[PDB]
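> To be precise about what I am sending: the file is called query_38.tsv and holds TSV, C-alpha atoms.
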```tsv
chain	number	residue	atom	x	y	z
A	1	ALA	CA	-34.61	105.97	-15.68
A	2	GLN	CA	-33.45	103.02	-17.82
A	3	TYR	CA	-31.85	101.25	-14.87
A	4	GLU	CA	-34.04	101.47	-11.74
A	5	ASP	CA	-33.64	100.12	-8.24
A	6	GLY	CA	-36.16	97.31	-7.81
A	7	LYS	CA	-36.21	96.45	-11.52
A	8	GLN	CA	-32.90	95.10	-12.93
A	9	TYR	CA	-31.37	95.16	-9.49
A	10	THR	CA	-32.22	95.76	-5.81
A	11	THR	CA	-30.16	97.66	-3.25
A	12	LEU	CA	-29.12	96.02	0.05
A	13	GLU	CA	-30.52	97.76	3.13
A	14	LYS	CA	-27.35	96.63	4.84
A	15	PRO	CA	-24.32	97.29	2.59
A	16	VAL	CA	-21.33	94.96	2.92
A	17	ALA	CA	-18.00	96.70	3.42
A	18	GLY	CA	-14.89	95.37	1.68
A	19	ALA	CA	-16.93	92.78	-0.26
A	20	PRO	CA	-15.56	91.47	-3.59
A	21	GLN	CA	-16.26	93.66	-6.62
A	22	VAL	CA	-18.38	91.13	-8.47
A	23	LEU	CA	-19.58	88.29	-6.27
A	24	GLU	CA	-21.58	85.31	-7.58
A	25	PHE	CA	-23.22	82.52	-5.53
A	26	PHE	CA	-24.36	79.18	-6.85
A	27	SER	CA	-25.06	75.55	-5.97
A	28	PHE	CA	-24.45	72.46	-8.12
A	29	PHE	CA	-27.98	71.45	-6.98
A	30	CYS	CA	-29.48	74.66	-8.37
A	31	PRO	CA	-31.32	74.25	-11.72
A	32	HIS	CA	-31.08	77.91	-12.81
A	33	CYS	CA	-27.41	77.80	-11.86
A	34	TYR	CA	-27.08	74.90	-14.34
A	35	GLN	CA	-28.75	77.00	-17.00
A	36	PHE	CA	-26.56	80.02	-16.01
A	37	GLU	CA	-23.41	77.98	-16.39
A	38	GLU	CA	-24.02	75.62	-19.31
A	39	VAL	CA	-26.63	77.30	-21.48
A	40	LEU	CA	-26.19	81.01	-20.73
A	41	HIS	CA	-22.49	81.31	-19.74
A	42	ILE	CA	-23.39	84.30	-17.54
A	43	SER	CA	-20.11	84.52	-15.62
A	44	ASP	CA	-18.21	84.51	-18.84
A	45	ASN	CA	-20.29	87.13	-20.60
A	46	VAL	CA	-20.15	89.34	-17.52
A	47	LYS	CA	-16.32	89.17	-17.52
A	48	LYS	CA	-16.31	90.16	-21.19
A	49	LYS	CA	-18.05	93.47	-20.36
A	50	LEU	CA	-16.45	94.27	-17.03
A	51	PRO	CA	-13.96	97.19	-17.01
A	52	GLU	CA	-10.21	96.89	-16.59
A	53	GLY	CA	-9.09	96.07	-13.05
A	54	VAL	CA	-12.21	94.30	-11.79
A	55	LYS	CA	-11.92	90.86	-10.21
A	56	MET	CA	-14.60	88.25	-10.31
A	57	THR	CA	-15.46	85.90	-7.46
A	58	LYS	CA	-17.68	82.81	-7.44
A	59	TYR	CA	-18.77	80.85	-4.35
A	60	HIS	CA	-20.75	77.66	-3.66
A	61	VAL	CA	-23.49	77.54	-0.98
A	62	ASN	CA	-24.49	74.99	1.67
A	63	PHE	CA	-28.24	75.47	1.87
A	64	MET	CA	-29.14	73.07	-0.94
A	65	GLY	CA	-28.68	69.30	-0.98
A	66	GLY	CA	-27.86	68.84	2.70
A	67	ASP	CA	-24.77	66.78	3.41
A	68	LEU	CA	-23.70	66.58	-0.20
A	69	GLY	CA	-24.24	70.32	-0.54
A	70	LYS	CA	-21.64	70.90	2.14
A	71	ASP	CA	-19.22	68.43	0.49
A	72	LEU	CA	-19.66	70.36	-2.73
A	73	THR	CA	-18.80	73.61	-0.98
A	74	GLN	CA	-15.55	72.05	0.30
A	75	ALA	CA	-14.83	70.62	-3.20
A	76	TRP	CA	-15.40	74.02	-4.72
A	77	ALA	CA	-12.87	75.30	-2.16
A	78	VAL	CA	-10.47	72.58	-3.45
A	79	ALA	CA	-11.24	73.65	-7.00
A	80	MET	CA	-10.36	77.27	-6.09
A	81	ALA	CA	-7.13	76.38	-4.24
A	82	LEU	CA	-5.92	74.21	-7.13
A	83	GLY	CA	-7.14	76.56	-9.86
A	84	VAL	CA	-9.19	73.89	-11.62
A	85	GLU	CA	-12.65	75.53	-11.53
A	86	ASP	CA	-12.78	75.44	-15.31
A	87	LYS	CA	-12.19	71.71	-15.38
A	88	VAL	CA	-14.72	70.52	-12.84
A	89	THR	CA	-17.60	72.96	-13.14
A	90	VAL	CA	-19.24	71.19	-16.06
A	91	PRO	CA	-18.74	67.53	-14.86
A	92	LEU	CA	-20.00	68.48	-11.39
A	93	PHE	CA	-23.16	70.12	-12.74
A	94	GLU	CA	-23.90	67.13	-14.94
A	95	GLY	CA	-22.95	64.64	-12.23
A	96	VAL	CA	-25.49	66.21	-9.88
A	97	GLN	CA	-28.31	67.20	-12.24
A	98	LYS	CA	-27.99	65.31	-15.55
A	99	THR	CA	-26.57	61.83	-14.94
A	100	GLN	CA	-27.09	61.83	-11.17
A	101	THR	CA	-23.90	59.91	-10.57
A	102	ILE	CA	-22.82	62.11	-7.70
A	103	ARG	CA	-24.13	60.73	-4.43
A	104	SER	CA	-21.19	60.97	-2.06
A	105	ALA	CA	-17.89	62.72	-1.48
A	106	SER	CA	-16.16	59.85	-3.25
A	107	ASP	CA	-18.17	60.50	-6.39
A	108	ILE	CA	-17.24	64.17	-6.19
A	109	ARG	CA	-13.60	63.14	-5.85
A	110	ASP	CA	-13.91	60.92	-8.99
A	111	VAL	CA	-14.84	63.95	-11.08
A	112	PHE	CA	-11.55	65.61	-10.08
A	113	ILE	CA	-9.58	62.37	-10.79
A	114	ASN	CA	-11.19	62.11	-14.22
A	115	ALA	CA	-10.41	65.80	-14.81
A	116	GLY	CA	-6.81	64.81	-14.14
A	117	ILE	CA	-6.07	66.11	-10.64
A	118	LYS	CA	-3.98	63.53	-8.77
A	119	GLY	CA	-5.61	61.70	-5.87
A	120	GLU	CA	-2.82	62.57	-3.47
A	121	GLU	CA	-3.12	66.20	-4.60
A	122	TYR	CA	-6.89	66.23	-4.18
A	123	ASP	CA	-6.93	64.53	-0.77
A	124	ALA	CA	-4.14	66.80	0.45
A	125	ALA	CA	-6.08	69.91	-0.68
A	126	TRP	CA	-9.38	68.47	0.64
A	127	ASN	CA	-7.85	68.16	4.10
A	128	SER	CA	-5.84	71.38	4.08
A	129	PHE	CA	-6.40	74.35	6.44
A	130	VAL	CA	-6.01	76.59	3.38
A	131	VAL	CA	-9.18	74.86	2.16
A	132	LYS	CA	-10.86	75.21	5.59
A	133	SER	CA	-10.46	79.04	5.46
A	134	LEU	CA	-11.61	79.02	1.83
A	135	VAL	CA	-14.80	77.20	2.99
A	136	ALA	CA	-15.14	79.83	5.78
A	137	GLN	CA	-14.82	82.59	3.21
A	138	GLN	CA	-17.66	81.16	1.11
A	139	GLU	CA	-19.86	80.83	4.14
A	140	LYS	CA	-18.99	84.28	5.50
A	141	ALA	CA	-19.72	85.99	2.18
A	142	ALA	CA	-23.12	84.32	1.92
A	143	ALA	CA	-23.70	85.15	5.57
A	144	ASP	CA	-22.79	88.85	5.02
A	145	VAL	CA	-25.57	89.04	2.43
A	146	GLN	CA	-28.68	87.31	3.90
A	147	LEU	CA	-28.44	84.66	1.32
A	148	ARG	CA	-31.45	82.36	0.83
A	149	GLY	CA	-31.41	82.04	-2.95
A	150	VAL	CA	-29.19	81.09	-5.85
A	151	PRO	CA	-28.13	81.94	-8.52
A	152	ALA	CA	-27.21	85.31	-7.02
A	153	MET	CA	-24.83	88.08	-7.98
A	154	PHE	CA	-23.75	91.09	-5.88
A	155	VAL	CA	-21.74	94.07	-7.05
A	156	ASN	CA	-19.52	96.07	-4.73
A	157	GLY	CA	-21.33	94.62	-1.72
A	158	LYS	CA	-24.29	96.89	-2.30
A	159	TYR	CA	-26.32	95.85	-5.38
A	160	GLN	CA	-27.99	92.56	-6.16
A	161	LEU	CA	-28.97	91.52	-9.69
A	162	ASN	CA	-32.64	90.93	-10.27
A	163	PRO	CA	-33.02	88.69	-13.37
A	164	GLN	CA	-36.80	88.26	-12.81
A	165	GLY	CA	-37.09	91.82	-14.14
A	166	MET	CA	-35.45	91.13	-17.55
A	167	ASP	CA	-37.06	89.71	-20.76
A	168	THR	CA	-36.41	85.95	-21.23
A	169	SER	CA	-38.03	85.49	-24.65
A	170	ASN	CA	-34.50	85.40	-26.08
A	171	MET	CA	-31.63	83.82	-24.14
A	172	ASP	CA	-28.93	85.91	-25.84
A	173	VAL	CA	-30.78	89.13	-25.11
A	174	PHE	CA	-31.28	88.10	-21.50
A	175	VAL	CA	-27.54	87.51	-21.03
A	176	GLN	CA	-26.49	90.85	-22.58
A	177	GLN	CA	-29.02	92.70	-20.48
A	178	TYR	CA	-27.73	90.91	-17.43
A	179	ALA	CA	-24.11	91.68	-18.24
A	180	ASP	CA	-24.74	95.35	-19.17
A	181	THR	CA	-26.56	95.69	-15.86
A	182	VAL	CA	-23.51	94.36	-14.04
A	183	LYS	CA	-21.34	96.82	-15.99
A	184	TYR	CA	-23.72	99.68	-15.14
A	185	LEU	CA	-23.68	98.76	-11.42
A	186	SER	CA	-19.92	98.42	-11.56
A	187	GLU	CA	-19.56	102.06	-12.74
A	188	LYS	CA	-22.04	103.39	-10.18
```
Using the file provided, produce a representation of the structure as structure tokens.


Amino acid sequence: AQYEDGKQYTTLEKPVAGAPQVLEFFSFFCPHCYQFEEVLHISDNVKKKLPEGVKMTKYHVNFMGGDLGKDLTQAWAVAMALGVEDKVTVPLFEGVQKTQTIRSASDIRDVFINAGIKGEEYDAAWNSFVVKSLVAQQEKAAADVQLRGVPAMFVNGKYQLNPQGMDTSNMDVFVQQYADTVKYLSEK
């Protein structure tokens, strides 16, 4: 076939009931995730091809960057609660991997302040039980799917994208293939 299990995607041996339709995992410490966000715009190009009615979820993971990794997972929770994902994603990536100016929770906080979230609003979110459950959600979802690597994308809790099996001579062609694969899995 044109799309084959084990080539553009793999199938989970242990399917995950009730899982989000399109579920992406990343880490701000993850170099391909940096590429995926800033150079390739994967999430965005996937949205653009997804059918009507499909929601898109993105979660941060703990298993990279130790203590700071965990802080970043809580900050991503804050970003989700406040709806400011689109304002912090780029400065966080660059703060961790480009300029290396993020070394502590306070430096993470500064990115939000500079993006214009109020301190009081950030610290209140940071400490909120709504954010605690949001952190739990991120961890549970990664837990439900064996997760030891990022970037990662899962569709309908049963299929996992396999970008290793796509041509990367051309970045644009890679993205479209990736997105079309997600659309194909979505319709399955």

> So which residues touch residue 142 (chain A) within 12 Å, counting only C-alpha atoms, skipping near sequence neighbours fewer than 3 positions away, as number ranges by chain?

A: 16, 19-20, 23-27, 58-63, 73, 135-139, 145-154, 157

> Find the residues near residue 53 (chain A): any atom within 12 Å, counting only C-alpha atoms, skip ones fewer than 4 places away on the same chain, and give them as a PyMOL selection string.

chain A and resi 21-22+47+49+186

> Compare A:107, A:32, A:132, A:38 by their minimum atom-to-atom distance to residue 86 (chain A), counting only C-alpha atoms, and give me the closest one.

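With only C-alpha atoms as the atom set, the closest residue is A:38.
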
> Between A:104, A:114, A:133, A:8, which one has atoms that come closest to residue 167 (chain A), using all atoms listed in the file?

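Checking each candidate against residue 167 (chain A), we get A:8 as the closest.
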
> Between CA of residue 89 (chain A) and CA of residue 65 (chain A), measure the distance and give it in Å to one decimal.

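Computing it gives 16.9 Å between the two atoms.
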
> For a quick check of understanding, using all atoms listed in the file, which of A:13, A:39, A:3, A:94 has the smallest distance to residue 144 (chain A)?

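Among the listed residues, the smallest separation from residue 144 (chain A) belongs to A:13.
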
> Save N, CA and C atoms of region 46-74 of chain A from the block above as a PDB file, in the first residue's frame.


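Generated file (part-v4.pdb):
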```pdb
ATOM      1  N   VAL A  46      -0.119  20.535  10.175  1.00  0.00           N
ATOM      2  CA  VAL A  46      -1.049  19.454  10.469  1.00  0.00           C
ATOM      3  C   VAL A  46      -2.468  20.001  10.630  1.00  0.00           C
ATOM      4  N   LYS A  47      -2.636  21.032  11.460  1.00  0.00           N
ATOM      5  CA  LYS A  47      -3.955  21.658  11.636  1.00  0.00           C
ATOM      6  C   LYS A  47      -4.603  21.970  10.295  1.00  0.00           C
ATOM      7  N   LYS A  48      -3.827  22.623   9.434  1.00  0.00           N
ATOM      8  CA  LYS A  48      -4.266  23.047   8.111  1.00  0.00           C
ATOM      9  C   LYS A  48      -4.829  21.905   7.240  1.00  0.00           C
ATOM     10  N   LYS A  49      -4.516  20.653   7.560  1.00  0.00           N
ATOM     11  CA  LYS A  49      -4.992  19.553   6.729  1.00  0.00           C
ATOM     12  C   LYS A  49      -5.978  18.681   7.469  1.00  0.00           C
ATOM     13  N   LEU A  50      -6.054  18.852   8.781  1.00  0.00           N
ATOM     14  CA  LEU A  50      -7.010  18.097   9.577  1.00  0.00           C
ATOM     15  C   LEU A  50      -8.449  18.459   9.209  1.00  0.00           C
ATOM     16  N   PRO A  51      -9.339  17.447   9.210  1.00  0.00           N
ATOM     17  CA  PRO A  51     -10.760  17.610   8.902  1.00  0.00           C
ATOM     18  C   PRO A  51     -11.472  18.532   9.871  1.00  0.00           C
ATOM     19  N   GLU A  52     -12.729  18.827   9.565  1.00  0.00           N
ATOM     20  CA  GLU A  52     -13.562  19.626  10.451  1.00  0.00           C
ATOM     21  C   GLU A  52     -13.907  18.820  11.708  1.00  0.00           C
ATOM     22  N   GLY A  53     -13.802  19.453  12.875  1.00  0.00           N
ATOM     23  CA  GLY A  53     -14.237  18.827  14.115  1.00  0.00           C
ATOM     24  C   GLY A  53     -13.144  18.186  14.956  1.00  0.00           C
ATOM     25  N   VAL A  54     -11.918  18.194  14.447  1.00  0.00           N
ATOM     26  CA  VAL A  54     -10.800  17.540  15.123  1.00  0.00           C
ATOM     27  C   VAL A  54     -10.009  18.518  16.014  1.00  0.00           C
ATOM     28  N   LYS A  55      -9.852  18.158  17.287  1.00  0.00           N
ATOM     29  CA  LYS A  55      -9.062  19.005  18.156  1.00  0.00           C
ATOM     30  C   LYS A  55      -7.642  18.505  18.331  1.00  0.00           C
ATOM     31  N   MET A  56      -6.767  19.475  18.551  1.00  0.00           N
ATOM     32  CA  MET A  56      -5.342  19.236  18.560  1.00  0.00           C
ATOM     33  C   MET A  56      -4.729  19.522  19.927  1.00  0.00           C
ATOM     34  N   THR A  57      -4.043  18.535  20.485  1.00  0.00           N
ATOM     35  CA  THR A  57      -3.467  18.689  21.808  1.00  0.00           C
ATOM     36  C   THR A  57      -1.948  18.580  21.808  1.00  0.00           C
ATOM     37  N   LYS A  58      -1.286  19.472  22.544  1.00  0.00           N
ATOM     38  CA  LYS A  58       0.166  19.410  22.665  1.00  0.00           C
ATOM     39  C   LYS A  58       0.639  19.464  24.118  1.00  0.00           C
ATOM     40  N   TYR A  59       1.457  18.486  24.507  1.00  0.00           N
ATOM     41  CA  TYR A  59       1.969  18.362  25.867  1.00  0.00           C
ATOM     42  C   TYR A  59       3.513  18.345  25.989  1.00  0.00           C
ATOM     43  N   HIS A  60       4.006  18.908  27.088  1.00  0.00           N
ATOM     44  CA  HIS A  60       5.420  18.904  27.407  1.00  0.00           C
ATOM     45  C   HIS A  60       5.773  17.657  28.217  1.00  0.00           C
ATOM     46  N   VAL A  61       7.025  17.210  28.171  1.00  0.00           N
ATOM     47  CA  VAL A  61       7.427  16.016  28.922  1.00  0.00           C
ATOM     48  C   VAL A  61       8.524  16.291  29.951  1.00  0.00           C
ATOM     49  N   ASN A  62       8.603  15.429  30.963  1.00  0.00           N
ATOM     50  CA  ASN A  62       9.553  15.619  32.059  1.00  0.00           C
ATOM     51  C   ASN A  62      10.903  14.997  31.817  1.00  0.00           C
ATOM     52  N   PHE A  63      10.991  13.998  30.944  1.00  0.00           N
ATOM     53  CA  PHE A  63      12.191  13.153  30.939  1.00  0.00           C
ATOM     54  C   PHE A  63      13.443  13.764  30.299  1.00  0.00           C
ATOM     55  N   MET A  64      13.380  15.022  29.887  1.00  0.00           N
ATOM     56  CA  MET A  64      14.598  15.716  29.487  1.00  0.00           C
ATOM     57  C   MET A  64      14.860  16.930  30.382  1.00  0.00           C
ATOM     58  N   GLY A  65      16.117  17.143  30.722  1.00  0.00           N
ATOM     59  CA  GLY A  65      16.546  18.370  31.383  1.00  0.00           C
ATOM     60  C   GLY A  65      16.256  18.424  32.866  1.00  0.00           C
ATOM     61  N   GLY A  66      16.051  17.242  33.456  1.00  0.00           N
ATOM     62  CA  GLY A  66      15.876  17.100  34.892  1.00  0.00           C
ATOM     63  C   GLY A  66      14.933  18.071  35.563  1.00  0.00           C
ATOM     64  N   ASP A  67      15.468  18.827  36.510  1.00  0.00           N
ATOM     65  CA  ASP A  67      14.654  19.708  37.341  1.00  0.00           C
ATOM     66  C   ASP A  67      13.977  20.811  36.519  1.00  0.00           C
ATOM     67  N   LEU A  68      14.742  21.368  35.603  1.00  0.00           N
ATOM     68  CA  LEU A  68      14.230  22.402  34.729  1.00  0.00           C
ATOM     69  C   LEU A  68      13.188  21.841  33.771  1.00  0.00           C
ATOM     70  N   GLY A  69      13.371  20.588  33.356  1.00  0.00           N
ATOM     71  CA  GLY A  69      12.402  19.923  32.512  1.00  0.00           C
ATOM     72  C   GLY A  69      11.042  19.890  33.161  1.00  0.00           C
ATOM     73  N   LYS A  70      11.020  19.562  34.445  1.00  0.00           N
ATOM     74  CA  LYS A  70       9.773  19.510  35.203  1.00  0.00           C
ATOM     75  C   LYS A  70       9.163  20.909  35.321  1.00  0.00           C
ATOM     76  N   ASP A  71       9.992  21.923  35.618  1.00  0.00           N
ATOM     77  CA  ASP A  71       9.521  23.308  35.689  1.00  0.00           C
ATOM     78  C   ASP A  71       8.855  23.679  34.373  1.00  0.00           C
ATOM     79  N   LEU A  72       9.457  23.244  33.274  1.00  0.00           N
ATOM     80  CA  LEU A  72       8.950  23.608  31.965  1.00  0.00           C
ATOM     81  C   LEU A  72       7.611  22.939  31.727  1.00  0.00           C
ATOM     82  N   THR A  73       7.440  21.727  32.247  1.00  0.00           N
ATOM     83  CA  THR A  73       6.135  21.069  32.119  1.00  0.00           C
ATOM     84  C   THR A  73       5.053  21.834  32.897  1.00  0.00           C
ATOM     85  N   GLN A  74       5.376  22.287  34.108  1.00  0.00           N
ATOM     86  CA  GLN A  74       4.428  23.142  34.842  1.00  0.00           C
ATOM     87  C   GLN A  74       4.141  24.493  34.124  1.00  0.00           C
TER      88      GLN A  74
END
```
